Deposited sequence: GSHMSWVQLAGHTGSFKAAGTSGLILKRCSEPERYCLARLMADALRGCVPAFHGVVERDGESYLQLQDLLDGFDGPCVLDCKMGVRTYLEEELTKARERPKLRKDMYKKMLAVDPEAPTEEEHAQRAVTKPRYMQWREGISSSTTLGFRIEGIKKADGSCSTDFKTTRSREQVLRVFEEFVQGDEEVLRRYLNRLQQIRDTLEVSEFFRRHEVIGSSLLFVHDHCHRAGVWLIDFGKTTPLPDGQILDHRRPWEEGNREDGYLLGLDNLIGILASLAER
């Protein structure tokens, strides 16, 4: 039905006036991206963007609610890329680090030996360091994506995936998510194949570094299934008509995100699951 229904039953999102719409807090990178995307090959692969509206003296993107077509939708959010932070974050952590004490606590929680003697003494870490560690204990570094969360229309949710890393561990999460619905799985794979084809010819995609974006998988008990790209908050245009291949390894300076390495691996896992 609607994402705000799930928010209620379960805060960067707000109920929209119009049926089948949702409001997301406006950010300049994301607004720029969605405007370009409505004119791009990737138009059909992203939520419809209708413009910006003011609500309580605040800027919101008016988006298609992707859950609107579904009867009690199941949702899985997959963070795409081998890298999950911008290169400019490495620069700022070198010249002027913002010691994040929150990121220290989670890291200790998951691995006590993970922080350095100095990080322990600071009780704090830089964002890039926290983000790189998260990439290595999840599937991000090796497969180029990670499962972030599953939501169900009752209000039910799990984000308990920070150590889901192996190909088989990831397959077992998708196995449990689709619950033996062969039609949903087939529809997911058909949609991902058609998304890969669109990305490989997209003018937007070859000209932009896509960091921190997700693939949202949505299905219901009527076997309806959809996948969309979301979250263009960290998607930045390359300078002077430079382009990325989105498969080759990331080395500081080359701005590569491994986005299609992730999608290739994600398609392979779903095709493997379909043959079980």
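For this chain, the deposited residues without C-alpha positions form one stretch, 11-13.
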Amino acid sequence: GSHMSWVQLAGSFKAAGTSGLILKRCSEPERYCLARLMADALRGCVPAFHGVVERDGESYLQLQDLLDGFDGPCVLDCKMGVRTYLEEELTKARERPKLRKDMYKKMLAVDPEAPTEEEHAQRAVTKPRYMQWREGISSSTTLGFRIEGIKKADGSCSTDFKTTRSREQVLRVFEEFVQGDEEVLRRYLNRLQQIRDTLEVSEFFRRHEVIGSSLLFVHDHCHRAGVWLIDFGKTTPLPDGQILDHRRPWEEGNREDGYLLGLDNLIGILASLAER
From here on, numbers count along this sequence of modelled residues.
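Note that the rigid core is defined as the largest set of C-alphas that superpose within 1.5 Å between two forms.
When the other structures are laid on the shown form by the core, the C-alphas of 188-196 and 111-119 differ in how far they drift in 9 other deposited structures of this protein; the larger average drift belongs to 111-119. Two stretches, 142-150 and 95-103, are weighed by how far their CA atoms sit from the shown form in 9 other deposited structures of this protein after rigid core superposition; the farther one is 95-103. Looking at the other PDB entries for this protein, residue 16 is present in the model in all of those that include the residues around it, rather than absent from a third. Averaged over CA atoms, B-factors in the entry run higher in 234-242 than in the other of 234-242 and 59-67.
Higher mean CA B-factor, judged across 38-46 and 247-255 from the recorded values: 247-255. Take 132, 179, 158, 91 and read off each C-alpha B-factor from the entry; 91 has the highest.
Across the residues 82, 75, 114, 137, the deposited record lists the maximum Cα B factor for 114.
Split the chain's modelled residues into thirds by C-alpha temperature factor. Residue 99 is in the highest one. Per the deposited record, the Cα B-factor of residue 26 falls in the highest third when ranked against the other modelled residues of its chain. Among the modelled residues of the chain, residue 165 sits in the middle third by CA temperature factor in this PDB entry.
In the PDB entry, a CA B factor belonging to the middle third of its chain's modelled residues is recorded for residue 172. For residue 151, the recorded CA B-factor ranks within the middle third of the chain. Only modelled residues enter the ranking.
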